[PDB]
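K.L.:
Show me how the following folds:
(chains A, B, C, D, E and F, ligands or ions: 18)
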Amino acid sequence: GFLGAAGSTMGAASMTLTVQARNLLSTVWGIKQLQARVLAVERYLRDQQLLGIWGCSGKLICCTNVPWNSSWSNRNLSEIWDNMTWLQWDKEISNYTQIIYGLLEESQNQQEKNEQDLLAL
Amino acid sequence: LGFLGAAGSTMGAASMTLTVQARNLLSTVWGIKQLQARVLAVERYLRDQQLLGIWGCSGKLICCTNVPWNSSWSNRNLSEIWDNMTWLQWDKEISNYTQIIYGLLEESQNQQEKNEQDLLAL
Amino acid sequence: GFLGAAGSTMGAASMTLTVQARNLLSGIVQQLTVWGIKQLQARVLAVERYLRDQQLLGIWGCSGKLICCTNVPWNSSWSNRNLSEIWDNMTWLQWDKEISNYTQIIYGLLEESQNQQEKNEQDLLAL
Amino acid sequence: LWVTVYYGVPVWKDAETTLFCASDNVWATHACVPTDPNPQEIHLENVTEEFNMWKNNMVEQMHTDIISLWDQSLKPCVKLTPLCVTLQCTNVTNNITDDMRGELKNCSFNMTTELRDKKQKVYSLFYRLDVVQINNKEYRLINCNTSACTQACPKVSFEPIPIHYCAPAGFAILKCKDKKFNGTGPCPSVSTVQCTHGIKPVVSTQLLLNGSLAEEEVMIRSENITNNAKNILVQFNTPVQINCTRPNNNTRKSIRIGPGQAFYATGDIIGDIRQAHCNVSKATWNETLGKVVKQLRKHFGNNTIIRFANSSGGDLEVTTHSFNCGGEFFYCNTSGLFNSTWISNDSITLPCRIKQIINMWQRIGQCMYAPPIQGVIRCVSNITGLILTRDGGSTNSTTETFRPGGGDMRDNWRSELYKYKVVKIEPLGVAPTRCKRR
Amino acid sequence: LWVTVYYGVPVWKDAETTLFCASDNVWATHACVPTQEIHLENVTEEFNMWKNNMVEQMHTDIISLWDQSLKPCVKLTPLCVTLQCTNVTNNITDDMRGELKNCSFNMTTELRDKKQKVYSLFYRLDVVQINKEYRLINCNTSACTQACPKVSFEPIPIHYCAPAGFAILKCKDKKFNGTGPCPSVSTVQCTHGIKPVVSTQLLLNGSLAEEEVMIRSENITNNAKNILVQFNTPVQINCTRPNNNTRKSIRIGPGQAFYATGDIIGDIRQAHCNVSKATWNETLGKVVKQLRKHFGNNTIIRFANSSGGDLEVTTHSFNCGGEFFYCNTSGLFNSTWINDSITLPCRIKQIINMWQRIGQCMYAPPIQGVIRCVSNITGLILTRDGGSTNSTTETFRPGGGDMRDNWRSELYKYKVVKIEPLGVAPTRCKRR
Amino acid sequence: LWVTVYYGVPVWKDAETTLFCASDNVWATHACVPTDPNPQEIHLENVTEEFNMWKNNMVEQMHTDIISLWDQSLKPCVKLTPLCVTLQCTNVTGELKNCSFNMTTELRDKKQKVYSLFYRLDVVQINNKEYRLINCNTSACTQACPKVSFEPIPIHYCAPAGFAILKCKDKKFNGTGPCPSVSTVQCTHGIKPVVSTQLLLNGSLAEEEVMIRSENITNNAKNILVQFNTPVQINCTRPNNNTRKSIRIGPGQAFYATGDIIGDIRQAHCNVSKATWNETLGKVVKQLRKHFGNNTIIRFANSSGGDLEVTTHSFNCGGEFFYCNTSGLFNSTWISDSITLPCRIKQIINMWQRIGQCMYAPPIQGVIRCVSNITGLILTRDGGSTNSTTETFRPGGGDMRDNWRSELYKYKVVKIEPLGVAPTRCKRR
Ligand SMILES: *[C@@H]1O[C@H](CO)[C@@H](O[C@@H]2O[C@H](CO)[C@@H](O[C@@H]3O[C@H](CO)[C@@H](O)[C@H](O)[C@@H]3O)[C@H](O)[C@H]2NC(C)=O)[C@H](O)[C@H]1NC(C)=O
Ligand SMILES: *[C@@H]1O[C@H](CO)[C@@H](O[C@@H]2O[C@H](CO)[C@@H](O[C@@H]3O[C@H](CO)[C@@H](O)[C@H](O)[C@@H]3O)[C@H](O)[C@H]2NC(C)=O)[C@H](O)[C@H]1NC(C)=O
Ligand SMILES: *[C@@H]1O[C@H](CO)[C@@H](O[C@@H]2O[C@H](CO)[C@@H](O[C@@H]3O[C@H](CO)[C@@H](O)[C@H](O)[C@@H]3O)[C@H](O)[C@H]2NC(C)=O)[C@H](O)[C@H]1NC(C)=O
Ligand SMILES: *[C@@H]1O[C@H](CO)[C@@H](O[C@@H]2O[C@H](CO)[C@@H](O[C@@H]3O[C@H](CO)[C@@H](O)[C@H](O)[C@@H]3O)[C@H](O)[C@H]2NC(C)=O)[C@H](O)[C@H]1NC(C)=O
Ligand SMILES: *[C@@H]1O[C@H](CO)[C@@H](O[C@@H]2O[C@H](CO)[C@@H](O)[C@H](O)[C@H]2NC(C)=O)[C@H](O)[C@H]1NC(C)=O
Ligand SMILES: *[C@@H]1O[C@H](CO)[C@@H](O)[C@H](O)[C@H]1NC(C)=O
Ligand SMILES: *[C@@H]1O[C@H](CO)[C@@H](O)[C@H](O)[C@H]1NC(C)=O
Ligand SMILES: *[C@@H]1O[C@H](CO)[C@@H](O)[C@H](O)[C@H]1NC(C)=O
Ligand SMILES: *[C@@H]1O[C@H](CO)[C@@H](O)[C@H](O)[C@H]1NC(C)=O
Ligand SMILES: *[C@@H]1O[C@H](CO)[C@@H](O)[C@H](O)[C@H]1NC(C)=O
Ligand SMILES: *[C@@H]1O[C@H](CO)[C@@H](O)[C@H](O)[C@H]1NC(C)=O
Ligand SMILES: *[C@@H]1O[C@H](CO)[C@@H](O)[C@H](O)[C@H]1NC(C)=O
Ligand SMILES: *[C@@H]1O[C@H](CO)[C@@H](O)[C@H](O)[C@H]1NC(C)=O
Ligand SMILES: *[C@@H]1O[C@H](CO)[C@@H](O)[C@H](O)[C@H]1NC(C)=O
Ligand SMILES: *[C@@H]1O[C@H](CO)[C@@H](O)[C@H](O)[C@H]1NC(C)=O
Ligand SMILES: *[C@@H]1O[C@H](CO)[C@@H](O)[C@H](O)[C@H]1NC(C)=O
Ligand SMILES: *[C@@H]1O[C@H](CO)[C@@H](O)[C@H](O)[C@H]1NC(C)=O
Ligand SMILES: *[C@@H]1O[C@H](CO)[C@@H](O)[C@H](O)[C@H]1NC(C)=O
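P.N.:
Numbering: from 1, shown residues only, chains lettered A, B, ... in the order given. Ligands and ions are numbered 1, 2, ... in the order given. Sure, structure below:
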């Protein structure tokens, strides 16, 4: 369905990430419809901009160069990707996101400056 | 040429002028006609760009895909398509059997991306 | 912050261009009457401008990247200054004032070169 | 382990937004979008959620929407500012049977015609609740001490039709499926649906009309039921069928008040007049009150006597049972319907009473002259709910008197939007994976 | 072979969209943006003007813009008063007699307490006898507004231009039938400029056909479908109203005025209109020459006048100068086909309800002076009847009544297409 | 040597766009986003970018939006078209008039004989005991609607995405020309939309001195906008004791008439300190002679003439609109104790120089007081032939756009164009 694998395995919900990402685009009923559509467009363009600035644009899954911290999650991979849902994960890590966002941005900024001078030969 | 100057040109001649059609898709109470059509055009452009982006195909106009051509959609040879036909008829005989292509490209790119991270995990 | 090092050198402002780009779409705090239709017009105009800026990077093969390179030659009649004095002791605002006329042809050279390069890249994959 | 980025993970978060409705009138349907044939529904298996019905912004948004749609519709209609003149009224005498002595006033007044310098002499029957005695006798209309107000156009209809509040693009309407659901508290069985069901905008004050039947037991829902000032919503299992009708046979005469406008008035009654009597079955109501007291004893004390009574307010819209049968506004008894003391085929006839000048949505002066409707009116409707209010009584042999009530109109829509909460999805997420860039 | 994706292909599909106004007053050009052609070589494409969608959007836009133009003007509610009228006989012409009526009535001043006595002149088409006491004809359905003298009914051209993602395709066929395939299609940014004139039977100030007379119909066999005739040469007409009206201001309240016809300085004559005799004879000869192809050779084609109905549908109605004419045009459609001038008597009505609506009219103020006026006759709206078959005689009468057919004679060579730039094709490449 | 493409580099060009409010009565505070706190500033240390006091779209959008919002807030209550009736007026106890007339009631047949107090300035005589109001032959307008207020609540204009607004910080910045220091801000300070004529009050002070600002100083057709350094305090009262009665016109619409005077009638007067005004005028004449000649005679006269809105200082103190004479302030000559001002009150108002729609201000009971600081003057020039050394600088006003050009001068809006190219010997492969 739309997001019927929300309570599923985290490793099994990675298959169905396509069909959840297609539905972010879709007088009393005048300017209200207009405001709702503009707000949806703003949220989707903000998400695509945040993918683009980190350098993972055009890809639903991306792999980066930021080291993971033991203080962020002491749990190993045998429980996160086997018997733990994305909702419990995001409730666990809801107050830890901004530092990881800044480190991803810093790694993307430092990665590009070491490639412009590489092709100058 | 112009905006649609190669509509009478062939398949192999209109393939080199996709830029001029790709560029021009995004150009007192009764002034809401100027406002509603802009939001409609923005939503249509984001739908087309996202549909390109699902297939691992965004950012490029002439875009190749590793899915083989099933002959049930069309059984004519490639020799007489690209120099004896224009784009309008090539829309007409593929007016059908399109939504299956638009899903198999989606599944092919997702399995290719799955191949991408489990190749890189080792 | 926003528009930081806008008066600094050209080389130091290349390290800063990741913070101007975050506020081309909106802020999150600003997401019937006189004010509401005006703010809606502002939001739709900002979305249109950001999409128009992103489309040109999409055509030239530069999508998803901030600093990139292209294979079009630079004709020496566009500018005669060399590399040593253009990236140091020169502001971006002083740099913009001499490509007022010459931008509309270098954009066409960019799109034609990218179309030719994409056709040549698609040619070799057929073998 | 390394940081990796995922787009489109199923992660939601609570928020509020501007919903929209669709359907297949005073509620404007022609401005809405059409709904889909063959609707969809998605069940979220194996998940938990912390719903709350007493703090939705959906209810306030719905109340604002119905107020806006109601105020929009009466805007292109007749304003009736020449209407209140010094009325001279005599009683009707001609076919009075006992109980309507002194309720229909036959009034004579004179009025501007199509032309400006000419007056015509007309007459109309007005109800007693719509005339106020200025000192045959001189009466005036009740309305123009506070406001002059708009006659409803005779083409729009006040019949509720189902509307479906859909989610916007990028949000989700979460639906509960646990049967014994208190409101405040977790729902083990949660589903995602892109549209709500057919919520009918029905207006009632004490005995909530056509709607969703609960399928478990009769449910007593509140937020601080211990406190003595919160409305207690009760939802039934089986519907209680109620008859109401108007035995009179009205005829419309059309008085032309200006160059284009018209004022539809009561003519003369063809036949005999009687009260608008409202029926409800004895045994069905007895069994329903039995189920209510059965589910009320557990929670309010395992050996209680439960007393029902009648209302004690002063305004006519809270001590009565108002509804919208046919287009004529009723204002009924509900006092002999609640005369019982539960301790540890007949029909109850309710005198339902009709008033034309309507101050609804609890606003101080924007009325509506409801046009007369020609012929008899009969409605068959389902009682699916009940609004109760406990007294300020403390103790004395566990005696709690549950008088009816109402008032605020939000309580009729938290009996239908209780299994719904809007959330936004947040697709961005980071996780440990073995990846590195090349 | 392997599937490839092309983004930016030149294909289209038919669709309906919202087109914004563009211009180079009653027609509000403030909202319209201020104001190019690419030829297409090897394309042929189906056209249809009767299932078109720009004409209905044009007509609804014109109606709504006309309605919003008259919002801040005076309502003229207190003019619905008992008139007391007699005839006027300052040296009246024997044909014009009776038509103008002297009238006098009581009406309020700017002060609410006091009243005044004001006389005015009205036509017979504006007054109805009360059953000598008269009243206005609009005091029975709806009291309606008065046209403000600041605005004028000059038909300025307007362009409708499609937004981004849509294209407007224009035929360059010199002998376009109206339907069927178009051999040459040329795209354009938007149109050449359409003058939104109003007329009933004879089209005025329109666009000429370029080589010969075009005759267009949805179904030439069916009698109930109108016949549009477009000329290749223009026929010149004279509007004429030989009077000297005197507009005087009457204050009806605190800040409002009512402009009434005060007196006539001079003789009162009929308001005729003149069309040439020989030019109309040659143009009608071309019309009957090129109408015989669709109906058959050696067939007697004759023209009769209008059948009947109300005054607007039956008679020619134009709006040149500032007042509303209603011309007989019965001396034109009279011949039977096997320096003279035709004079047509016309009558003037002030209370005007334009777009066939009940309960919504408009009062036209008088224009001071004498009105001189010319225009071209560039088209007609004919209507046949259900005559008996095998009779070799068909009668053609001027119809009209609907306003869509006037603007369907200009948006007959335009259609809106929706660009879908996404397409697939097989090519021998592969992805690595 | 091949073209590289950079995205997000900071350059801008000046442009015009639509702004929006932000804030924390008539001025719509509740329809605004909450403010954005401590916007940090930058320093273009090598800039020569020109500013413009006079030709920005900011003040035009301010004036248009204030006019449209004033027209919006006046709508949803009583319109007094039936009060335009004949009036029978006498004298009280000679400025106030005791007028009695006939008015409708809530019943459409009955009428009443009521009385009210009207000033002299808003009645004329129709042909000695038959009067009428002065708006009856031009309009029929709206009472000020007694729940709203006219307090100048602060309003911040905040710019959408893609645009930023700058901030000039130069101390001796005369409004036109390239300032040596350009900063930025997210959005503006607390501009208070007061209405004034020839005495700007409740505004922003100056930095080190008192500036003189004009298009050209050699033209007697452009206003000189003086902005003070030190605040000069003006305070006043209306000593009468009005009473408000509710006359009901019809079905639910009332009229608030002026009742009897409880105490004694005295004229309204606004006074200012003599020495503070003398030294402030001395500062103005000291630093103003640098543009007109160092040996010149500067003499100050009263207003030229015309309508009462441009001749007299007009302000709104709590709901009563004063029209004070201010002729005892601008009367001095210069060569190398309180000043009371007789002040009169008008009720029906044409605010934004518009003909066709007025505004009725109801009486407010009690005595009203307001303290305020004068932070600006709108002097003009009446020139002459070059044969004498005297300069005649009469104060003037009436143009409301010059009030909001006193603020918003260190603000210009730019549009960001982030795309840019550069030469580099690097190659894509
Ligand atoms: C629901 O409403 C009931 C009303 O019956 C609340 O119970 C009463 O709450 C009030 C206010 O908190 C209490 O008054 C004060 O409370 C504390 C001690 O609890 C102290 O400051 C004072 O001595 C005073 O009593 C009151 O005691 C309490 N109980 C009764 C029997 O009246 C109840 O709190 C509300 N429920 C929720 C969940 O908020
Ligand atoms: C609860 O729902 C029932 C659904 O039937 C509502 O009763 C219906 O009320 C409408 C409106 O008056 C009736 O329609 C009218 O009926 C006749 C022709 O049948 C005619 O007068 C009108 O043309 C109009 O269609 C309808 O008959 C009636 N149906 C039944 C079975 O009684 C009822 O009103 C609802 N309760 C409320 C809103 O309180
Ligand atoms: C068809 O087009 C012709 C123009 O070729 C229109 O004739 C024009 O009629 C208007 C009537 O308002 C004249 O404008 C007015 O003229 C006088 C000054 O000459 C004055 O009253 C106004 O200032 C205004 O300009 C215009 O001059 C006249 N053009 C001519 C005689 O060449 C004709 O009305 C159009 N037909 C229809 C049915 O609209
Ligand atoms: C310039 O600004 C000052 C300070 O903001 C304004 O003085 C204030 O004037 C208002 C309006 O008259 C006064 O409000 C009124 O005060 C009392 C008690 O609150 C009462 O009569 C009313 O309810 C109303 O609120 C306010 O007190 C007063 N402030 C001070 C400190 O005295 C002044 O009016 C402004 N000058 C103008 C608009 O010309
Ligand atoms: C919620 O619970 C279900 C059981 O109803 C779980 O389904 C398990 O899925 C795995 C993977 O295919 C199977 O091997 C197990 O047999 C299933 N049953 C168990 C553990 O009892 C599942 O983890 C959850 N599913 C969803 C859709 O939320
Ligand atoms: C149109 O067709 C002719 C004949 O086939 C061909 O020469 C010409 O190039 C075509 N036009 C275009 C624009 O391709
Ligand atoms: C091709 O398409 C047909 C449908 O016509 C389908 O049955 C078939 O499985 C497809 N694939 C192949 C390899 O034939
Ligand atoms: C496409 O396939 C559909 C399948 O229903 C068929 O009806 C249709 O004729 C086919 N062709 C075209 C040109 O649409
Ligand atoms: C660019 O165009 C303008 C406008 O025609 C012209 O004046 C200018 O000289 C051109 N610029 C250069 C650098 O030649
Ligand atoms: C008319 O009805 C009123 C209201 O009850 C009553 O007081 C009065 O006596 C009645 N008059 C007659 C004559 O019945
Ligand atoms: C509502 O029922 C839930 C379900 O367990 C319970 O947690 C909660 O206390 C109840 N609230 C009240 C007020 O009874
Ligand atoms: C009140 O209740 C008693 C029994 O408790 C019953 O006899 C009486 O009829 C009731 N009143 C009504 C109006 O039903
Ligand atoms: C031309 O139009 C006529 C009238 O509508 C129609 O009967 C005929 O079929 C059309 N002919 C062609 C070739 O399109
Ligand atoms: C026509 O009438 C006008 C009305 O303004 C008058 O001024 C003019 O002299 C008249 N012309 C004649 C009688 O020739
Ligand atoms: C100011 O006035 C002088 C004297 O007339 C004139 O020469 C000058 O051009 C004016 N300044 C401007 C900027 O127009
Ligand atoms: C303002 O100052 C600049 C220099 O900063 C000067 O060029 C200009 O003339 C001055 N303007 C006026 C009106 O004095
Ligand atoms: C009013 O201002 C005067 C000077 O004009 C000053 O002396 C007095 O104290 C002020 N009154 C106040 C602030 O109450
Ligand atoms: C001038 O007076 C006003 C009103 O009291 C006050 O807000 C302002 O701060 C004063 N200005 C000063 C003290 O500089």
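K.L.:
Now do the residue of chain A found nearest ligand 11: how many residues are near it, please.
P.N.:
Proximity of chain A to ligand 11 (CB to the nearest ligand atom) peaks at residue A:91, 20.1 Å away. All C-beta atoms are positioned from the backbone trio N, CA, C, and that covers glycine. A count of neighbours around residue A:91, defined by other CB atoms under 10 Å in any protein chain shown, yields 12.
K.L.:
for residue D:121, same thing?
P.N.:
8.
K.L.:
Now look at the strand or helix carrying it and say if it contacts chain E.
P.N.:
Assigned by DSSP states H and E, residue D:121 belongs to strand D:119-127. No: Strand D:119-127 is not in contact with chain E by CB under 8 Å from any CB of the partner chain; minimum separation 12.3 Å.
K.L.:
ditto for stretch A:4-23
P.N.:
No: Stretch A:4-23 stays clear of chain E (CB under 8 Å from any CB), getting no nearer than 15.3 Å.
K.L.:
Mind listing what's buried along that stretch?
P.N.:
By neighbour count with 16 or more other CB atoms under 10 Å in any protein chain shown, stretch A:4-23 contains the buried residues A:4-8, A:10, A:13-14, A:16-18, A:20-21, A:23.
K.L.:
how long is that stretch end to end?
P.N.:
Length of stretch A:4-23, first residue to last, CA to CA, to the nearest Å: 14 Å.
K.L.:
Check the offset of that stretch from the chain's centre.
P.N.:
13 Å (CA atoms, centre = their mean, to the nearest Å).
K.L.:
Wasn't residue D:173 part of a helix?
P.N.:
No: counting by DSSP: H, G, I helix; E, B strand; the rest coil, residue D:173 is not part of a helix but strand.
K.L.:
Name the nearest residue to it, sequence neighbours excluded.
P.N.:
residue D:167 (4.7 Å; CB to CB, 6 or more residues apart in numbering or on different chains).
K.L.:
quick one, phi/psi of that neighbour?
P.N.:
phi -80, psi 150 (degrees, to the nearest 10).
K.L.:
and residue A:83, how many neighbours?
P.N.:
Residue A:83: 10 neighbours (other CB under 10 Å).
K.L.:
related to what we said a few turns ago, out of the buried residues of stretch A:4-23, who's near chain D?
P.N.:
Answer for the buried residues of stretch A:4-23 near chain D (CB under 8 Å from any CB): A:4-8, A:10, A:13-14, A:17-18, A:20-21, A:23.
K.L.:
Select from those residues every entry located in helices.
P.N.:
A:17, A:18, A:20, A:21 (DSSP state H).
K.L.:
Find the pair from these with maximum spatial separation.
P.N.:
Of all pairs drawn from those, the greatest distance, 7.4 Å, lies between A:18 and A:20 (CB to CB).
K.L.:
residues making contact with stretch D:309-316?
P.N.:
D:129, D:206, D:318-320, D:331, D:334-335, D:338-339, D:355, D:401-405 (CB atoms under 8 Å, 6 or more residues apart in numbering or on different chains).
K.L.:
Roughly how far does the residue in the stretch 1-150 of chain D that ligand 15 sits nearest to sit from residue A:81?
P.N.:
Of all residues in the stretch 1-150 of chain D, residue D:18 sits closest to ligand 15, at 51.2 Å by CB to the nearest ligand atom. The gap separating residue D:18 from residue A:81 is 38 Å, by CB to CB, to the nearest Å.
K.L.:
same thing with residue D:432?
P.N.:
9 Å.
K.L.:
that older thread, report the two of the buried residues of stretch A:4-23 separated the most.
P.N.:
A:10 and A:23 (20.7 Å).
K.L.:
Residue D:353 contacts residue D:275, doesn't it?
P.N.:
Yes: contact criterion CB atoms under 8 Å: residue D:353 and residue D:275 qualify, at 7.5 Å.
K.L.:
What values do phi and psi take at residue D:292?
P.N.:
Torsion angles, degrees, to the nearest 10, at residue D:292: phi -60, psi -40.
K.L.:
Report how many residues lie close to it.
P.N.:
By other CB under 10 Å, the burial measure for residue D:292, its neighbour count, is 22.
K.L.:
was I right about it contacting residue D:218?
P.N.:
Yes: under the contact definition of CB under 8 Å, residue D:292 touches residue D:218, with a separation of 5.5 Å.
K.L.:
Look at the residue nearest the centre of chain A and give its secondary structure.
P.N.:
By CA atoms, centre = their mean, chain A has its centre lying nearest to residue A:51, at 7.2 Å. Counting by three-state DSSP, the backbone at residue A:51 sits in helix.
K.L.:
Next up, the contacts around it.
P.N.:
Residue A:51 touches A:57, A:58, A:59, A:62, D:5, D:7, counting by CB under 8 Å, 6+ apart.
K.L.:
farthest-separated two in the residues you listed?
P.N.:
A:58 and D:5 (12.2 Å).
K.L.:
ok, the two, which is more surrounded?
P.N.:
Set residue A:58 next to residue D:5 and count neighbours by other CB under 10 Å: residue D:5 wins out with 25 against 17.
K.L.:
measure the more buried one to residue F:199 for me?
P.N.:
Taken as CB to CB, the span from residue D:5 to residue F:199 is 62 Å.
K.L.:
cool, residue A:117 as well?
P.N.:
The value you get for residue A:117 to residue F:199, if CB to CB is used, is 64 Å.
K.L.:
for residue A:85, same thing?
P.N.:
With CB to CB as the criterion, residue A:85 and residue F:199 are 69 Å apart.
K.L.:
Write out the residues of chain A neighbouring chain E.
P.N.:
Contacts of chain A with chain E, taken as CB under 8 Å from any CB, are absent.
K.L.:
contacting residues for the residue of chain A found nearest chain F?
P.N.:
Going by CB to the nearest CB, chain F is nearest to residue A:120 of chain A, at 4.5 Å. Contact analysis of residue A:120 by CB under 8 Å, 6+ apart lists F:424, F:425, F:426.
K.L.:
which among the residues you listed gets closest to ligand 5?
P.N.:
Of these, the one sitting nearest to ligand 5 (CB to the nearest ligand atom) turns out to be residue F:426, at 51.2 Å.
K.L.:
Using the three-state scheme, assign residue 106.
P.N.:
I'll assume chain A. helix.
K.L.:
wait, chain D
P.N.:
strand.
K.L.:
and it, how many neighbours does it have?
P.N.:
By other CB under 10 Å, neighbour count at residue D:106 equals 17.
K.L.:
Make sure it is actually in contact with residue D:90.
P.N.:
Yes: judged on CB under 8 Å, residue D:106 makes contact with residue D:90 at a distance of 5.5 Å.
K.L.:
what are the bridge partners for the residue of chain A found nearest chain D, then?
P.N.:
Distances between chain A and chain D by CB to the nearest CB are smallest at residue A:63, namely 2.9 Å. Beta bridges link residue A:63 to residue D:4, judged by DSSP bridges.
K.L.:
so what's it up against?
P.N.:
Residue A:63 touches B:117, B:120, D:2, D:4, D:433, D:435, D:436, D:437, counting by CB under 8 Å, 6+ apart.
K.L.:
leaving aside the residues next to it on the chain, what's closest to the last one?
P.N.:
Residue nearest to residue D:437 in three dimensions, not counting chain neighbours: residue A:65, with 5.0 Å by CB to CB, 6+ apart.
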